[PDB]
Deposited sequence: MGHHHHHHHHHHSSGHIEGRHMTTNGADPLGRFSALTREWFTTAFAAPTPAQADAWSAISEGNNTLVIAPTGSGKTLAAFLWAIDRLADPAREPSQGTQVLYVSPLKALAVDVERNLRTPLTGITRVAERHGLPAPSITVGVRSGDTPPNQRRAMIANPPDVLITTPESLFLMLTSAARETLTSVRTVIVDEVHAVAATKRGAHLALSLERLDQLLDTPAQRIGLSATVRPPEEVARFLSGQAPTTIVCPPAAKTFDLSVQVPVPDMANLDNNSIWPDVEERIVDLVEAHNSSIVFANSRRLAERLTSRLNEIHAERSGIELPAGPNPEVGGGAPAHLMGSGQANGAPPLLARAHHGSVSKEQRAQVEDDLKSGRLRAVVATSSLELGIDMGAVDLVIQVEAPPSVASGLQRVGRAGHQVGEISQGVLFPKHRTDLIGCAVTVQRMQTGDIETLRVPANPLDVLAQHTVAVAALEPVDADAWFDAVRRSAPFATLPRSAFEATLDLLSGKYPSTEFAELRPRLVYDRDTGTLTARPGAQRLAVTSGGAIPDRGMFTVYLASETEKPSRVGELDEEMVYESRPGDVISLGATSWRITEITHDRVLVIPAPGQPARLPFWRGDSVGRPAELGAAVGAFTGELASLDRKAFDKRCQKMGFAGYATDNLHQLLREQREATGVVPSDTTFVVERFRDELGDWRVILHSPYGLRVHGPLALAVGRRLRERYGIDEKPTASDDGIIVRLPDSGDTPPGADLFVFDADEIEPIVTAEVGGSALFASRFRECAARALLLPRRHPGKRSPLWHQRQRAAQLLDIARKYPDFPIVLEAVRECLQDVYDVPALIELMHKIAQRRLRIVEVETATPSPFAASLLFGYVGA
């Protein structure tokens, strides 16, 4: 049993002098990779998955022309960190080679991202590196230019953090780029995927390899986390101060000053800039200084120069704290970071495991992680998150099926340089995972829209007698300036693409002391998943029924600290005192009260996430304007639905038959604000909207105007591929209709209770749903 016996003597001798022994994930991965199989490596953050995917390819490059290895990272910071960390093995091979009198190998390593200056991009095409590190977006650019000629020799493709794109149109974008690559090679490259958070393994492996078989490497995972949920104030409902931020910022500086290097994660860029300002202002007042800053920001809007210095000073431990977004969530190996702080509950359990994983990033080390709730109901969010992280209960991922807009974009790009065979392009598309069942009718339908069908611009010419697609002038410049799959989002700061007479684009689509509508806020993308929503209610119900003893025991195995136990107990007690019972996975609560203006307000309490409450609000809305004649559309969130009715009220308003749900949602989604937004993002991603400058993505006000003016014409044609895909994304990717159906099935089974209660003043849970 020798995992290093396969490699040459030099690489074997180096790895022995560098590490005590390979990890199980390395030994298994080297076996599968060396035998030629596509391999998905599933192991915790301290497992050495980088060398698992790289070392065999490195050994072959060391053995006595063109880019040979292609590493793809979803994050730029990780891409640069991999380049720096590959210096240790390459430097070691050289030391060992020369120790034994052999000539040193020359292995080049390059990084191609958006930060690469033009002159360096030209140097990387004239002299391509043996190991190319890049992003999915940039891989798309090289495949849609003369740079692809350097990729004709690629033998290995590493897709790091494959879970981060598997369930998105960004990964479908990546899935097609890789198939376009395989068509540039004599032999499709070997594909290797890495992730500590894979569920289900078989589906992520299907995303990585498409139709090719995948050896799944997933050895027994032992990763120790030291998690903690700290609440600095004794009562979040009655704060001595204007806000909870001052006491939170205090404990963070306390935690940073107590640890060598810490990463503080914020769920937005503005909050990261804010906290960095606060943490420095606190550190200065404590140290009599007006002298390095204690903390510095890292996120997408930071320049590359400042970003580079933050990563370098973090790599060396010079920087004691960095306040980052998800730009540092994955992969980075900062040996000086022994603490990760998460402000607010993270967007998912998997991300919390990835973020906290940055700390203790060595084999066998513990990852220390502290979560700070922002408000009362966020404390439950952080607790459930810590709970699921300790048991590894992450979300189940599902590859979006047949995303036609992603296809249309690649179709312009694959034919931007040459004429492509429609059959061959279809054959390659079906080899990817997201299009394995693509109907040929949908394929030709997409080509028709790109060619011939007038507020849009077609970008290709289709010869059906020959089966050939050719590009119209500027197709390449259109594809390369597209930006990929990530959509242009933006908020109406008052009004842009105005309607005068900050707000969410969807809230805006639904346009002194008089009753007002509550601004609907979609944080970003889909919302809470149904399985995690169930876990939230089961946590709330369980802990709201424990004597203080079992309660305290339960909180301490989550790492509750400060006053987290007091505030959770008080929160559930007060919610119990207000509605008798607390909402849970088995009991929904319908709460009713009258506004100070005399208007009724009926709130549905349920933890099952926005993916279920989104479509449920559509159904309630249809009934409200049909059965009651009220056109005000209800506000939906992760933790329930808010309805407002002028004074004339029941819970049967929310209850529907299981077979009634899916048809209703299908009929209402076409007029909803979500569909208008996702039709715009789809139309732009398909490269069909007219832009203001050929080599520049049109401003958001202009996308909206042209997309809205296009939809008013496309509504007339229900078979329009953009309409089809917009409906496809809303119902399958945003909503979770199967979850909404079984929820109604359970309510019909009398297995999900419902309680009507009238309150004199909003309960704690109702107060939270009202703007906070």
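- According to the record, no C-alpha positions are given for deposited positions 1 to 26, 91 to 95, 322 to 347, 511 to 516, 565 to 570, 581 to 608, 746 to 749, 874 to 877, numbered from 1.
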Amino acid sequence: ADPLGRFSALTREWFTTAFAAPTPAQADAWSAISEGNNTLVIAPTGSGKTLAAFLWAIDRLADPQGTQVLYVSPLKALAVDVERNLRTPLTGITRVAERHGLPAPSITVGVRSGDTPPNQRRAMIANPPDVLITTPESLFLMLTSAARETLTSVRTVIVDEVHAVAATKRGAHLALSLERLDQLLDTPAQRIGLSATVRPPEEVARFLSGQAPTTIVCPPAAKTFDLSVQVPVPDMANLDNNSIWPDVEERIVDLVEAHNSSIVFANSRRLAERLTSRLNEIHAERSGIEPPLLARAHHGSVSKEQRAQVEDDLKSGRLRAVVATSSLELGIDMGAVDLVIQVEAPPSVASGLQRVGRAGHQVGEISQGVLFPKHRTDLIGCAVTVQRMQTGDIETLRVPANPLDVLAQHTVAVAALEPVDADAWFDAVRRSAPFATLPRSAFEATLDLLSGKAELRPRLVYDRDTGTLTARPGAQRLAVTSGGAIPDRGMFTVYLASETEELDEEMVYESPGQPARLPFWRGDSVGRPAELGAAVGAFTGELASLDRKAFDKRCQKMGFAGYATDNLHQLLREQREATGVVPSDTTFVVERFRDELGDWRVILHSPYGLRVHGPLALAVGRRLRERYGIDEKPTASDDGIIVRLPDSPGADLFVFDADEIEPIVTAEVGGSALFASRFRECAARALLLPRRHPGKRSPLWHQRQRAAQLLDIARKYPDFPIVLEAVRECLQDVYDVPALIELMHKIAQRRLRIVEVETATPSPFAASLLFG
From here on, numbers count along this sequence of modelled residues.
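- Mean CA temperature factor is higher for 490 to 498 when stretches 77 to 85 and 490 to 498 are set side by side in the entry.
- Set 303 to 311 against 576 to 584 and average the Cα temperature factors; 576 to 584 ends up higher.
- Each of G352, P607, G364, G101 has a CA temperature factor in the record; the biggest one is found at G101.
- Highest CA B-factor among the listed residues (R296, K557, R318, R270): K557.
- When the modelled residues of the chain are ordered by C-alpha B-factor, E742 sits in the highest third.
- Sort the modelled residues of the chain by CA B factor and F372 lands in the lowest third.
- When all modelled residues of the chain are sorted by CA temperature factor, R685 is found within the middle third.
- When all modelled residues of the chain are sorted by CA temperature factor, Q732 is found within the middle third.
- Sorting the modelled residues of the chain by their CA temperature factor places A27 in the middle third.
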